[PDB]
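For reference, the chains in residue letters:
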Protein chains: 4
Amino acid sequence: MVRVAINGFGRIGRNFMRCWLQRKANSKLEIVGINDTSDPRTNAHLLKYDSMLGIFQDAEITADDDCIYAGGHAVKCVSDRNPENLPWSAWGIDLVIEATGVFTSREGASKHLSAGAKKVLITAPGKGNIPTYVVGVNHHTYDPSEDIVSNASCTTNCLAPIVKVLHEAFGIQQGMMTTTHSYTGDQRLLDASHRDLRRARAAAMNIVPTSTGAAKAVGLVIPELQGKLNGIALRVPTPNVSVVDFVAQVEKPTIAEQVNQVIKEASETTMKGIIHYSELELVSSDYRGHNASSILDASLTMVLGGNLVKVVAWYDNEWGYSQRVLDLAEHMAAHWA
Amino acid sequence: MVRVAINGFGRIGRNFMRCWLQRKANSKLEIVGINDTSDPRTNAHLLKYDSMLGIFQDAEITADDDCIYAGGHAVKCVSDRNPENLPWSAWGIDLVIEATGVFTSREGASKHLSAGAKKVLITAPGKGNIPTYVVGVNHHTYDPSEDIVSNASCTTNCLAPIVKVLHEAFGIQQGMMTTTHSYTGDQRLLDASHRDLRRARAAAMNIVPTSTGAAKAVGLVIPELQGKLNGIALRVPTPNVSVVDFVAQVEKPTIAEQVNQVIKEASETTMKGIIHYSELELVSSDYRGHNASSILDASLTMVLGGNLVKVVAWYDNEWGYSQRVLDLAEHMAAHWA
Amino acid sequence: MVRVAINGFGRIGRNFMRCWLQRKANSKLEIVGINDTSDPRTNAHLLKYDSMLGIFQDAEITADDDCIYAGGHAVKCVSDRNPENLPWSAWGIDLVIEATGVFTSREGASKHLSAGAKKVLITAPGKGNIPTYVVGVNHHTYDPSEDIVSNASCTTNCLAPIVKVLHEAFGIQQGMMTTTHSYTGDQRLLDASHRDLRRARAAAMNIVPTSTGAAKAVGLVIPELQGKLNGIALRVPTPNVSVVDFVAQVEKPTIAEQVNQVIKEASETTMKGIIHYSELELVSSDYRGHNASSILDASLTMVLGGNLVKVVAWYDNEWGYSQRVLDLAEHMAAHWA
Amino acid sequence: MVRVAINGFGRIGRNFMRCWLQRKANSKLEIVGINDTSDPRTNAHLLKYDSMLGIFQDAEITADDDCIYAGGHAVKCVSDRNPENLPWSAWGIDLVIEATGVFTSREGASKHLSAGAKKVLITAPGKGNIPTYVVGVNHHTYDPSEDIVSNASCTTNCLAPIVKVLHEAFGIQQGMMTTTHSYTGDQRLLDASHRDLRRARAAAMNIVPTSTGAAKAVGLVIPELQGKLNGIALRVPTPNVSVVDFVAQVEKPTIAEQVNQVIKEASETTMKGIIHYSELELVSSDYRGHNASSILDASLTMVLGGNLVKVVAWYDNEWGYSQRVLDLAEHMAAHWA
Ligand SMILES: NC(=O)c1ccc[n+]([C@@H]2O[C@H](COP(=O)([O-])OP(=O)(O)OC[C@H]3O[C@@H](n4cnc5c(N)ncnc54)[C@H](O)[C@@H]3O)[C@@H](O)[C@H]2O)c1
Ligand SMILES: NC(=O)c1ccc[n+]([C@@H]2O[C@H](COP(=O)([O-])OP(=O)(O)OC[C@H]3O[C@@H](n4cnc5c(N)ncnc54)[C@H](O)[C@@H]3O)[C@@H](O)[C@H]2O)c1
Ligand SMILES: NC(=O)c1ccc[n+]([C@@H]2O[C@H](COP(=O)([O-])OP(=O)(O)OC[C@H]3O[C@@H](n4cnc5c(N)ncnc54)[C@H](O)[C@@H]3O)[C@@H](O)[C@H]2O)c1
Ligand SMILES: NC(=O)c1ccc[n+]([C@@H]2O[C@H](COP(=O)([O-])OP(=O)(O)OC[C@H]3O[C@@H](n4cnc5c(N)ncnc54)[C@H](O)[C@@H]3O)[C@@H](O)[C@H]2O)c1
């Protein structure tokens, strides 16, 4: 049993905690420590009453000022912004889950390793050559001495299994993407001062565009496509779920039905539990809480000229990404060294 | 001076009326008739107080039950759903502006021609071989005996000048698009019964995807690209403005700076007043009421492998589209036959 | 066992069907007929995939063009706007549930009685002296020969138990209310033509005010307060749940804690299952799907001058109102005559 | 001419700057200093492109890293969170406009007085006995040696003229209010950790209630009603404008038409430019940018039992409040001591 911790009890942290509360019996992981910038009275309320996933129902949530009782299970909790003053060796922490969006560097994330933690899994595309791993693509090829691992962004975590399937079946020369992304917490609500100008504007009002390198992270997790994948993101006023457009330029020519057939059988042989395949005419809010990290929308797949394919993929960047974080954490627990 | 009329005083009709009130002096067009399914007391209020373009300021709006006084200028108004019982020859109507979204067929739109109107300009991609014309691409090549002309959709009206510039400068083999579209009036507000299932769901809550053939309408207005352009649309909860992604596969290789240079000089030589070029980091709501039919977003243009280009274009599908409708109407007034 | 039917398979109809699917075993009601203006293929999809209550999970939903199989249970379905051409006696219908928002008159609703139905329960404040009944206030005092009964509006259905408790405990001279109401389907999405001007404007953008007489319906269901209760409504861009403010002028003086005590014990003795009492600092979306028809918000109750009380009550106007409709339907099944 | 400064270039600061740019010629005020936590390159962009008031049009906005050129007029700009290290005497500052929402205490706001400023006008209901003044009620009765003055909240600034008119004409025993308030910048966008739990939840999703003492601030600015006015606030997902409900218990009995007559003539004699009177059926977004600090909605005013009145007032808490701030600043410039 592996004692794990959570740095930053935000959206990813609350979803990680809720996922572990829903996957408790099959777990080699026991969550024993969290730390947020809030007191332990508030974040227990925010855990129980999520305005996106409704009221939690299965287990009882309560807290006092030093611990949080989730379903009778106790969990410790502290508050500090310095990662160096944190009781890790005092709590016996193998794996800490970096989820603050602050410690993306190696030198930032390694502060927990210095302060007495054994491995760190950071839920962000980290700066510098941090080894990145996506469940369903290359979650096998990590060396267990790599204590500082990184899951990529949610967009990369959705997009990379589709790109893996299409690269194996057809071969990819180039590829664009344009993810229509739900608004995240970084954007200011009203027009307030912010480091980047396109995130400074109002979130509920605007399609704000942004440039991301998270398309290039597929070139990290798939090495032979690096420098060939690039794309932008569009933040629109939907709170939870998002869709990603993906334009690839394959070289083995095909039609629109065949790529759907390929991804449909890949959903049932190899990418089971990663890619779901849906031939329904659903819309965005029917994917709040879906377990797969990419639902391929079947009716919109199209091919022009044989060698130019477009797919779109629904994905929940708050629930499915947390599911892949927890699956990667359990998969590194199963190969603990 | 050409006496013109408006069928359906909806969003496109109110914006058309507001544009003509802002372009009155240079106009060979006099708006003399409208008809909506509402009484003349209500739609004058809806003209004056638009919850998107604010309160109209320049001229005074009032009405009684038979006429509407806009700035002292009188305009007639009636209410009927049958187009065959309408006083057109009684009012002397050369051009009627079909904007109900109902009469898209030739046989539907020709009911006004039968009922005593001389030309009809329909603001929709019509079913059947109706001659379509976009201002800035092929607004010259209409024969003036074509009395039933069609402007295309707003997405096509934005996309086609960019595709014209890139086809002339580079040559296009294939091309995808994915427009992130503002929600239109056809979608039901709450989850209500509707003919298409993906428009049946809630508009303020959801990214609803839809399949459109309005990308193929570029293949109508540019003949040598027909059957090579296809794309989908994403309706997100923004009320007014929208952005269109466009992935083309050019064959003459280039870089990302050069296509920006080409479109920048095309903004200043030929597409002036059609395509604006913006090297600012703006967001969506800074294009409410822009006069150009496509603002090319400069910072997001990218080229992979030399022969694969992506542009994005902001466009207002309620104001700029009305501007192109009024420009096409004046341009057919200038070549009246 | 009472064979019941649903006129209009909208929000109230889908919620009624979902409630009966969740309360099947304790039911003397069997739903055997529905009719909407849509085909039976579409509304089964709209039943299964609600963008407000998520995907239905307990039972399987499928359909063909003549019947709908909900969890193996078959239900008939037809489509007609004329209520006089409907197979009621051909289907053996005791109680039809009017939920179209069209047939509010006695002469409108009695068309089903003429066409071969035995009782009609209309889910609207009907025009004319239709006997109105609220579960938890006067659901006992109906005569079973009254075949045309009316449940009131959702605002009245929330407000009247609180007014009953405060009138019994303190006595009420006068009383105002101002319900901050979620947007309903009647409002046009964009600024479109509509019979009332304040509902003609955009729903996602605006606090639209409206005048309602649903406060006066408390004076129907409580007779000694008629002509003493009046209030307005505010429609704000939230899709599901709503809150009602209520200012009463009591005459027996008291403090803010005592009215909370009175309503707390009334929640546990008489209004159990009607009024829930919450001393949490919750917000709106934590009441999506709550079973009570009024959650009294405890922290906001205030009394000025001893004789002037203000309460606020969360209530779900799409789920709890359907629950009260189904409870009234079962309660009229238990006293069938 | 009075050299003035702005602490905190947020919503109130940007609106104050935009108002002074629109009221330049009649001004004894010259804006010479601002300070925000952002660099001078960003906030000039945020001044020019407001996603609520559109693009500014009259004057040109540019900046470099030390000054901001607004229409040729230069203004200095700095960045510091400590108010004690600020160049006030180096810049010659008579009046600084506290708008950070941080320095609400006397000891906090007096740091600018210590650091070399002569008067401070704070745009918040300050803690402690800070002299508060509302334009249109008691903007005359300030002593010019009171260097630390406070404008109240926007809700109080709207509500107090109506309460002044109704107290003079009828006399008020008690009074409630319930303002349906637009969401402000303090609320977290997604469910994030926050000091108060009801502001911790999502802003675009929820009617979040909050308790405010800004109703009691009317008892400060009108002394004989203190301890008689109290109310709550409802934050709904509208970005800009808000409406306030107001229930008073008058003692001189009257009807609903007479209070409308009283406020209509008070709009034309004394409260001109403060209270506008509208007998239109407008909605919320037709008050974006209105100059009056309260638009009385005429059709909703109601009186029950003669001695119980309810009014509702539209008001823009981002533009009209800035107008009253600038009017108070000019009115203290006209009586400089
Ligand atoms: N938002 C999404 O849906 C999503 C999806 C994929 C990945 N991510 C990544 O997850 C990370 C966090 O996302 P989120 O939405 O939970 O962020 P958030 O800002 O909503 O929550 C982060 C939490 O961490 C706290 N925190 C920040 N710095 C801290 C510090 N130094 N010490 C302690 N606590 C600290 C914050 O105050 C907050 O409580 C970011 O890297 C984000 O890019 C987000
Ligand atoms: N919504 C946009 O931004 C946009 C952009 C480009 C093109 N268009 C096209 O413009 C058309 C109308 O758009 P809209 O937003 O104004 O539509 P709308 O539904 O908002 O308004 C249409 C108006 O026409 C009235 N009408 C409908 N049928 C009628 C009939 N038979 N007789 C008389 N009046 C009738 C409607 O009641 C309403 O008043 C559609 O074809 C749409 O696809 C819309
Ligand atoms: N919306 C709410 O939350 C709520 C709450 C309480 C009460 N109500 C009342 O419930 C009623 C319906 O509400 P809703 O939201 O379901 O309405 P809706 O408009 O969303 O759905 C009504 C359904 O009935 C159909 N219909 C209308 N006229 C018909 C006819 N003549 N024949 C057959 N089908 C017809 C409509 O097309 C639609 O399918 C209204 O009286 C409303 O005031 C609504
Ligand atoms: N939001 C409204 O519509 C409204 C209406 C009336 C009154 N007010 C009051 O106005 C004040 C500000 O409102 P806002 O919407 O502009 O706030 P905001 O948070 O949107 O903007 C405040 C600005 O001040 C900056 N700031 C904060 N602390 C600072 C410090 N110590 N030094 C320098 N800069 C600092 C912030 O970073 C931001 O740039 C608050 O007291 C608010 O209650 C707001």
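Residues numbered from 1 in each chain as written, not as in the entry; some residues may be left out. Chains lettered and ligands numbered in written order. Part of a larger assembly, values for the part shown. Heavy atoms only, no water.

Trainee: When you look at the overall build of chain A in this model, what are you seeing that I'm missing?
Mentor: Scanning chain A from terminus to terminus reveals seven helices and 18 strands. Dimensions along the principal axes, computed over C-alpha positions, put chain A at roughly 65 × 45 × 40 Å. Classification of the 337 residues of chain A by burial places 65% in the buried group. Within chain A, contacts between residues at least 6 apart in sequence are counted, and of these 72% link residues at least 24 apart. If you sum the accessible surface of chain A, you get close to 11900 Å²; carbon and sulfur atoms cover 47% of it. A gap of 3 Å separates the mean positions of the 31 positive and 35 negative side-chain charges of chain A. (Helix = DSSP H or I, 4+ residues; strand = E, 2+ residues; numbered from the N terminus. Buried < 20%, exposed > 50% of the residue type's maximum accessible area, 1.4 Å probe, protein only. Contact = heavy atoms within 4.5 Å. Areas by Shrake-Rupley, 256 points an atom, 1.4 Å probe, with all protein chains shown as cover. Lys, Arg positive; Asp, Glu negative; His and termini not counted. Charge placed at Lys NZ, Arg CZ, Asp CG, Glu CD.)

Trainee: What is the right way to read the site of ligand 1 from this model?
Mentor: Taken together, 22 residues sit near ligand 1, with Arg11, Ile12, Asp36, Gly101 and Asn317 of chain A positioned nearest. In this structure, ligand 1 sits where chains A and D come together, each supplying nearby residues. In this structure, an oxygen atom belonging to ligand 1 sits 3.3 Å away from a side-chain N or O atom of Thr37 of chain A. Here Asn317 of chain A contributes a backbone N or O atom positioned 2.9 Å from an oxygen atom of ligand 1. For ligand 1, whose unbound accessible area comes to 820 Å², protein coverage reaches 81%. Along the lines of polarity and charge, the residues of the shell around ligand 1 split into seven nonpolar, 10 polar and five charged. Looking at which domains feed residues into the shell around ligand 1, each of domain 1 (1-152 + 318-337) and domain 2 (153-317) of chain A gives three or more. (Near = heavy atom within 4 Å. Polar contact = N/O pair within 3.5 Å; in protein donor to acceptor, adjacent residues only side chain to side chain. Nonpolar A, V, L, I, M, F, W, Y, C, P; charged D, E, K, R; others polar. Domains from an automatic or database assignment.)

Trainee: Help me out: how do you make sense of the interface of chain A and chain B in this one?
Mentor: The partner chain B presents 52 residues to the 51 residues of chain A that form the contact. Roughly 4200 Å² is buried in total at the junction of chain A and chain B, and carbon and sulfur atoms are behind 65% of that figure. Connecting chain A to chain B are four salt bridges. The shortest N-O distance in the salt bridge between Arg201 of chain A and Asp286 of chain B comes to 2.8 Å. Taken together, the elements giving at least two residues each to the side of chain A that touches chain B come down to β11 (172-182), β12 (208-212), β13 (229-236), β14 (241-250), β17 (302-303) and β18 (309-316) of chain A. Residues of the side of chain A that touches chain B, tallied by class, amount to 25 nonpolar, 17 polar and nine charged. (Buried area = accessible area lost by both parts, 1.4 Å probe. Salt bridge = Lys/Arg side-chain N within 4 Å of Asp/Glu carboxyl O.)

Trainee: Just checking my understanding: could you explain the site of ligand 2 for this structure?
Mentor: Inspection of the region around ligand 2 gives 22 residues, with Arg11, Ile12, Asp36, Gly101 and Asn317 of chain B positioned closest. Positioned at a junction of chains, ligand 2 has nearby residues supplied by chains B and C. Between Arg11 of chain B and ligand 2, the recorded distance is 2.7 Å, taken from a backbone N or O atom to an oxygen atom. Between ligand 2 and the protein, one listed contact pairs an oxygen atom with a backbone N or O atom of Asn317 of chain B at 2.9 Å. Relative to its unbound accessible area of 830 Å², ligand 2 is 82% covered by the protein chains. Its residues assigned to classes, the shell around ligand 2 comprises seven nonpolar, 10 polar and five charged. Residue contributions to the shell around ligand 2 reach at least three from each of two domains, namely domain 1 (1-152 + 318-337) and domain 2 (153-317) of chain B.

Trainee: How should empty space enclosed by the protein be read in this particular structure?
Mentor: Rolled over the atoms, a probe as big as a water molecule pinpoints where empty space is left. As a volume, the largest cavity reaches approximately 380 Å³. Lining the largest cavity are 23 residues, and of these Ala204 and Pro237 of chain A, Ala204 of chain B, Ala204 of chain C together with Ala204 of chain D lie nearest its centre. Partitioned by chemical class, the residues of the lining of the largest cavity number 20 nonpolar, three polar and no charged. (1 Å grid on protein atoms, 1.4 Å probe; cavity = no way out; pocket = protein on both sides within 12 Å on 5 of 7 lines; lining within 4 Å. Points joined across faces, edges and corners; volume = space filled by probe spheres on them.)

Trainee: Explain the pairing of strand β13 (residues 229-236) of chain B to me, please; I cannot follow it from the model alone.
Mentor: If a strand is regular, its side chains alternate between the two faces of the sheet. All names here are of chain B. By the criterion of burial, β13 is predominantly enclosed, with eight of the eight residues buried. With eight bridges joining them, strand β11 (residues 172-182) and β13 adopt parallel strand pairing. For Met177, the partnering residue across the bridge sits in β13 and is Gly231. Sheet topology note: the strand β12 (residues 208-212)/β13 ladder contains five bridges and is antiparallel. The residue bridging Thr212 from the neighbouring strand is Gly231, located in β13. (Pairing = 2+ DSSP bridges.)

Trainee: Explain the sheet that holds strand β7 (residues 73-78) of chain A to me, please; I cannot follow it from the model alone.
Mentor: Within a sheet, each strand pairs with its neighbour through backbone hydrogen bonds, oriented either parallel or antiparallel. All names here are of chain A. Strand order in the open sheet formed by eight strands is β5-β6-β7-β2-β1-β8-β9-β10, and the pairing between neighbours is mixed. Two strands lie at the open edges of the sheet, namely β5 (61-63) and β10 (148-151), each paired on one side alone. Averaged over all adjacent pairs, the angle separating strand axes in this sheet is 25 degrees, with direction ignored. As paired strands, strand β8 (residues 95-98) and strand β9 (residues 119-123) are joined by four bridges and run parallel to one another. Each residue of the ladder has a partner; that of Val96, found in β9, is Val120. Packed onto the sheet, helix α3 (residues 106-115) meets β1 (2-7), β8, β9 and β10 and runs at close to 125 degrees relative to β10. The sheet strands contacting helix α7 (residues 320-333) are β1, β2 (29-35), β8, β9 and β10, and the helix crosses β9 at an angle near 160 degrees. (Axes fitted to C-alpha atoms, helices over the stretch in contact; angles between N-to-C directions.)

Trainee: What is the right way to read the relation of the copies chain B and chain D from this model?
Mentor: Think of it as a corkscrew move, a rotation about one axis and a shift along it, taking one chain copy to the other. For these two chains of identical sequence, chain B goes onto chain D by a turn of 179 degrees and a shift of 0.0 Å along the axis, with RMSD 0.0 Å. Both chain copies can therefore be described as sitting about a two-fold axis. Looking at the rotation axis and the C-alpha trace of chain B, the residue lying nearest is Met205 of chain B, at 4.7 Å. (Least-squares fit on C-alpha atoms.)

Trainee: How should α7 of chain A be read in this particular structure?
Mentor: In a regular helix each residue adds 1.5 Å, so 14 residues correspond to 20 Å; α7 of chain A covers 20 Å between its end C-alpha atoms and thus fits that length. Within α7 of chain A, 14 of the 14 residues are buried, which leaves it mostly tucked inside the rest of the structure. (Expected span 1.5 Å × (residues − 1).)

Trainee: I would appreciate a short explanation of the UniProt feature "binding site: NADP(+) 2" (unreviewed entry) in chain A in the present structure.
Mentor: All names here are of chain A. When the UniProt feature table is mapped to this numbering, "binding site: NADP(+) 2" (unreviewed entry) covers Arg11, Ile12, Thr37, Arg81, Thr123 and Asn317. In terms of the greatest pairwise C-alpha distance, the residues named above, spread along 307 residues, do not form a single cluster, extending to 25.5 Å across. Mapped onto the secondary structure, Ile12 falls in helix α1 (residues 11-22). A relative accessible area of 21% means that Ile12 is categorised as partly exposed. With residues near it in sequence (within four places) discarded, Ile12 still touches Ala99, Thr123, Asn317, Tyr321 and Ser322. Note that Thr123 resides in strand β9. Overall, the relative accessible area of 12% leaves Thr123 in the buried class. (UniProt positions renumbered as here; feature names shortened; annotations may be inferred.)

Trainee: Can you walk me through the environment of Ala59 of chain A in this structure?
Mentor: Residue and element names in this part refer to chain A. Looking at the secondary structure, you find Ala59 in the loop between β4 (54-55) and β5. On the basis of relative accessible area, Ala59 is assigned to the buried category, the value being 14%. Considering only alpha carbons, one finds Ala59 and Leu21, 38 residues apart in sequence, at a separation of 8.0 Å.

Trainee: Looking at this structure, how should I read the packing of helix α1 (residues 11-22) of chain B against helix α2 (residues 40-48) of chain B?
Mentor: Axes are the key here: two packed helices are described by the angle between their axes and the distance separating the axes. Residue and element names in this part refer to chain B. Contact pair α1 / α2: the axes reach a minimum separation of 10 Å and the direction vectors enclose 65 degrees. Crossing hand, α1 versus α2: right-handed. Facing α1, whose interface residues are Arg14, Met17 and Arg18, α2 presents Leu46, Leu47 and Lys48. For the contact of α1 with α2, the per-class residue count stands at three nonpolar, no polar and three charged. (Left-handed = near helix turned anticlockwise from the far one by under 90°.)

Trainee: What exactly am I supposed to notice about the pattern of salt bridges here?
Mentor: Close approach of charged atoms allows side chains with opposite charge to pair. Scanning the entire structure with this criterion turns up 51 salt bridges over all chains. Between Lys310 of chain A and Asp245 of chain A there is a salt bridge, with the nearest N and O atoms lying 3.9 Å from each other. Of this pair, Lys310 of chain A sits in strand β18 while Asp245 of chain A sits in strand β14, and the two are 65 residues apart along the sequence. Taken as a pair, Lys310 of chain A and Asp245 of chain A share a single burial class, namely buried. For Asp50 of chain D, the salt bridge is made with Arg11 of chain D, and the minimal N-O distance between the two is 2.9 Å. Here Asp50 of chain D is found in strand β3 (residues 49-50), whereas its partner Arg11 of chain D is found in helix α1 (residues 11-22), with 39 residues between them in sequence.

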